[PDB]
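> To start, I am sharing the structure in question, which I have written as structure tokens.
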Amino acid sequence: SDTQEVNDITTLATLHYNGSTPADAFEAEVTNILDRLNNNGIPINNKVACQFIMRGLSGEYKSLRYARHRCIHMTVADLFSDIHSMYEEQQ
Amino acid sequence: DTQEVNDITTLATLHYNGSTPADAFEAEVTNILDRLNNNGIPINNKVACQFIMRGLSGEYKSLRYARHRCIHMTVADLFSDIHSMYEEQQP
């Protein structure tokens, strides 16, 4: 509660996703961290968010990381689309 | 282009046990906070204080009991206490 921002930032910096849990749940976790950080006056822009998410991708999802260099132009929604697409074509 | 992610990761993984000068530790953290501020990721006194406390090891772990007042405690005040402990430990 008093440590929500520190916990949210720590989570963001230590994300991991390998497809073994629903992509929706991963998207929710990340989305809400970003929302809460925004509310607490710590705005994480699209580029930085994208980089944290990419860093977290393991297993087959590692492959999405070769777009990390375009994070500036890539939207978080676009990235989540690709993760969702990969999740679907693993199920 | 990954300066923010690197600066946040460092903040979230600080370690200090007195084995290096307190001035160097202060410098590292201060400049992370400065750069994050510049890049539109403003870490306030409370959150900064919490990250610093989390990183204290060895004899310095003991300082982690003012953590609850980080809201009212300043980063400068905490670095004072670390400096004070560092001085005591020196010849």
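A quick note on method: Cβ atoms are made from the backbone with ideal geometry, for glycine too, and the neighbour counts reach across all protein chains shown. No lab work stands behind these numbers, since they all come straight from the coordinates.
> When residues of the range B:37-69 are filtered for being in contact with a helix residue (DSSP H, G or I) (Cβ under 6 Å, 6 or more places away or on another chain), outside any loop (DSSP other than H, G, I, E, B) and among the polar types (S, T, N, Q), how many remain?
2
> Please give the number of the condition B:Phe51 fails out of (1) closer than 23 Å to A:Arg55 by Cα; (2) touching an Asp or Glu at 6+ places or on another chain (Cβ under 8 Å).
Condition not satisfied by B:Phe51: (2).
> Moving to a separate point now. Could you list, in sequence order, all residues of the range B:43-87 that are of a type in the set (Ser, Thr, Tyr) and without any contact (Cβ under 8 Å) to a residue 40 or more places away in the chain?
Going through the range B:43-87, the residues of a type in the set (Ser, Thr, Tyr) turn out to be B:57, B:60, B:62, B:65, B:74, B:80, B:84, B:86.
Correct list: B:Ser62, B:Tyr65, B:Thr74, B:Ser80, B:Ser84.
> Here's another thing I want to ask about it. Within the range A:1-57, take every residue that is in contact with a strand residue (DSSP E or B) (Cβ under 9 Å, 6 or more places away or on another chain) and within 12 Å of another protein chain (Cβ to nearest Cβ) and give me the one that is surrounded by the most Cβ atoms within 10 Å (Cβ to Cβ).
The extreme case among them is A:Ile53.
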